[PDB]
Every structure is written in structure tokens, then in C-alpha cells.
Amino acid sequence: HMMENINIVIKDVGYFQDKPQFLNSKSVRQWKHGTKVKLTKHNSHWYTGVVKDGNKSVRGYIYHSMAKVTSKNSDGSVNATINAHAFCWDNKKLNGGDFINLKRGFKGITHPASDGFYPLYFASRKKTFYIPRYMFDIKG
């Protein structure tokens, strides 16, 4: 049994990445569901904001479906609540194509991936989706 499975759970967070992309980005923050933040609209699909790591200001980007806007500030910023969810994609670009919104706490099975693209086989679909490491925990 050289082949292995991994039980995974999708994190209870929204992803505030160092770039407005899911591939080859680092999390500046993984904000718990319900966290209240200030953001600015960056484009049709992304918000941006700034946080402090020590005295250093760091910019991040969060996908529109992970941020519920509750009010609009005069300076053009917005006040929002984080809506935690993840994604898996039918290709390793992690950008459009066929993708699925995975609910916070979604329980899945995957396999060791040397390239960091963890495969999810959905019976109902006839296809492999891919989830990056940073969107899930391994029970243990």
C-alpha cells in the first residue's frame, strides 16, 4: 500500500493573500469567519486592504465572495465581515475554468501531492478538482 489517503477539513477562514490570485500567493491573514475588517474594492472579483506586521504595513487581497460589505466609508473604503469558504479548480492555474465553492468545514479525502495540488475526486462529477495546501487542515 504505497498509495495513501489524507482526511482533510476546509478551514473556517477567508484568505487575505499577498496578491489577488490563489496560485503562488502567501496568506497575509487567514481571518476567522465573522472577522470585521476595512477593505477597498480592487477589481470586479477582489478587495484589498492593509494590516500591520509589527510596524510594517502589508497589503493583502481577498476574493469578493469571502467579504460581506455592511457599510461604505466616505474615503471610498468599505466595512465588511469575512465569509469563510475555500475553492477547488478543475485545473492547476487555480483561476476560472470549472471551480467549486467548498463550505467552511467541508470534509474531504485527498492524496499526497508532491506538486502541492491536492486532488479531490467528486463522484457526481467525472473529474479531478485541485485544492492548494493552505485551504485545509489534516485531522491530527
# chains A, B, ... in the order shown; residues from 1 in each chain; ligands from 1
$ residues_around --residues "stretch 83-100 of chain A" --least-positions-apart "4" --cutoff "9 Å" --atoms "only C-alpha atoms" --output "number ranges by chain"
A: 10-15, 21-23, 31-35, 65-68, 104-106, 117, 119-120, 127-132, 135-136
$ write_last_selection --atoms "N, CA and C atoms" --output "compact mmCIF listing (two decimals), in the first residue's frame"
# COMPACT_ATOMS: atom_id res chain seq x y z
N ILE A 10 -11.82 21.72 5.32
CA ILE A 10 -11.65 23.07 4.77
C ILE A 10 -11.67 24.04 5.96
N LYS A 11 -10.72 24.97 5.98
CA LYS A 11 -10.53 25.92 7.12
C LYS A 11 -11.75 26.78 7.30
N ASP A 12 -11.93 27.29 8.51
CA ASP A 12 -13.01 28.23 8.90
C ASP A 12 -12.54 29.68 8.66
N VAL A 13 -11.81 29.94 7.57
CA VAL A 13 -11.18 31.27 7.30
C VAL A 13 -11.49 31.77 5.88
N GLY A 14 -11.38 33.10 5.70
CA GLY A 14 -11.20 33.79 4.41
C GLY A 14 -9.72 34.04 4.17
N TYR A 15 -9.30 34.12 2.90
CA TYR A 15 -7.87 34.17 2.53
C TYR A 15 -7.52 35.59 2.06
N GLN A 21 -4.63 36.57 -6.35
CA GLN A 21 -4.57 35.28 -7.07
C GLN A 21 -4.45 34.18 -6.01
N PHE A 22 -4.96 32.99 -6.32
CA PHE A 22 -4.91 31.82 -5.42
C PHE A 22 -3.64 31.01 -5.63
N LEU A 23 -3.07 31.03 -6.83
CA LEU A 23 -1.83 30.26 -7.16
C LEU A 23 -0.60 31.13 -6.89
N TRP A 31 -8.33 35.04 8.08
CA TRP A 31 -9.29 35.65 9.01
C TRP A 31 -10.43 34.66 9.29
N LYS A 32 -10.66 34.38 10.56
CA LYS A 32 -11.78 33.55 11.04
C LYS A 32 -13.10 34.09 10.50
N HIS A 33 -14.00 33.18 10.12
CA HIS A 33 -15.41 33.53 9.77
C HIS A 33 -15.94 34.57 10.76
N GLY A 34 -16.56 35.63 10.28
CA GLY A 34 -17.17 36.69 11.11
C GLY A 34 -16.22 37.84 11.46
N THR A 35 -14.91 37.74 11.19
CA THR A 35 -13.98 38.86 11.46
C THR A 35 -14.46 40.12 10.74
N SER A 65 -16.35 36.98 -2.65
CA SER A 65 -17.35 36.08 -2.01
C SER A 65 -16.92 35.76 -0.58
N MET A 66 -15.72 36.14 -0.16
CA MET A 66 -15.22 35.94 1.22
C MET A 66 -15.40 37.21 2.06
N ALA A 67 -16.05 38.24 1.54
CA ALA A 67 -16.19 39.54 2.23
C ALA A 67 -17.60 40.08 2.00
N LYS A 68 -18.39 40.18 3.08
CA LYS A 68 -19.77 40.70 3.06
C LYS A 68 -19.70 42.17 3.46
N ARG A 104 -17.03 26.28 4.50
CA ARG A 104 -16.12 26.14 5.67
C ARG A 104 -16.45 24.82 6.38
N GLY A 105 -15.47 24.05 6.80
CA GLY A 105 -15.70 22.75 7.47
C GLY A 105 -15.98 21.59 6.53
N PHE A 106 -16.06 21.81 5.23
CA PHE A 106 -16.22 20.70 4.24
C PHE A 106 -15.20 19.60 4.54
N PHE A 117 -0.75 20.41 -5.46
CA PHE A 117 -2.14 20.44 -5.97
C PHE A 117 -2.85 19.17 -5.54
N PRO A 119 -5.59 16.46 -5.08
CA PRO A 119 -6.71 16.05 -5.91
C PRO A 119 -7.93 15.68 -5.08
N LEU A 120 -9.08 16.14 -5.54
CA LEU A 120 -10.41 15.84 -4.98
C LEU A 120 -11.22 15.18 -6.11
N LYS A 127 -14.55 14.12 -12.86
CA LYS A 127 -13.32 14.95 -12.98
C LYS A 127 -12.61 15.13 -11.65
N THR A 128 -11.32 15.38 -11.78
CA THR A 128 -10.44 15.71 -10.63
C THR A 128 -10.50 17.23 -10.46
N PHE A 129 -10.77 17.69 -9.25
CA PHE A 129 -10.53 19.09 -8.85
C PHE A 129 -9.27 19.14 -7.98
N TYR A 130 -8.70 20.33 -7.85
CA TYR A 130 -7.44 20.56 -7.11
C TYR A 130 -7.67 21.67 -6.09
N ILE A 131 -7.14 21.44 -4.89
CA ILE A 131 -7.17 22.40 -3.75
C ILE A 131 -5.73 22.59 -3.29
N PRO A 132 -5.27 23.84 -3.10
CA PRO A 132 -3.93 24.07 -2.56
C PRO A 132 -3.88 23.81 -1.04
N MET A 135 -5.57 25.83 2.09
CA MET A 135 -7.05 25.96 2.28
C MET A 135 -7.63 24.86 3.19
N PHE A 136 -6.82 23.94 3.70
CA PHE A 136 -7.37 22.84 4.52
C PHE A 136 -6.41 22.46 5.65
$ select_by_dssp --residues "stretch 81-110 of chain A" --states "strand (DSSP E)" --output "list in words"
residues 81, 82, 85, 86, 87, 88, 89, 99, 100, 101, 102, 103, 107, 108, 109 and 110 of chain A
$ atom_distance --atom1 "atom CA of residue A:63" --atom2 "atom CA of residue A:45"
5.8 Å
$ residues_around --residues "residue A:138" --least-positions-apart "6" --cutoff "10 Å" --atoms "only C-alpha atoms" --output "ChimeraX atom specification"
/A:6-10,108-109
$ write_last_selection --atoms "C-alpha atoms" --output "short mmCIF file (atom, residue, chain, number, x, y, z; two decimals), in the first residue's frame"
data_model
loop_
_atom_site.label_atom_id
_atom_site.label_comp_id
_atom_site.auth_asym_id
_atom_site.auth_seq_id
_atom_site.Cartn_x
_atom_site.Cartn_y
_atom_site.Cartn_z
CA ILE A 6 -5.47 12.07 3.71
CA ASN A 7 -8.67 13.17 5.53
CA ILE A 8 -8.95 16.99 5.22
CA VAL A 9 -11.25 19.71 6.54
CA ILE A 10 -11.65 23.07 4.77
CA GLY A 108 -12.91 15.58 2.04
CA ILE A 109 -10.33 12.91 1.13
#
$ closest_residue --among "A:126, A:36, A:107, A:59" --to "residue A:82" --atoms "only C-alpha atoms"
A:36
$ atom_distance --atom1 "atom CA of residue A:110" --atom2 "atom CA of residue A:18"
26.2 Å
$ select_by_dssp --residues "chain A" --states "helix (DSSP H, G or I)" --output "list in words"
residues 64, 65, 66, 133, 134 and 135 of chain A
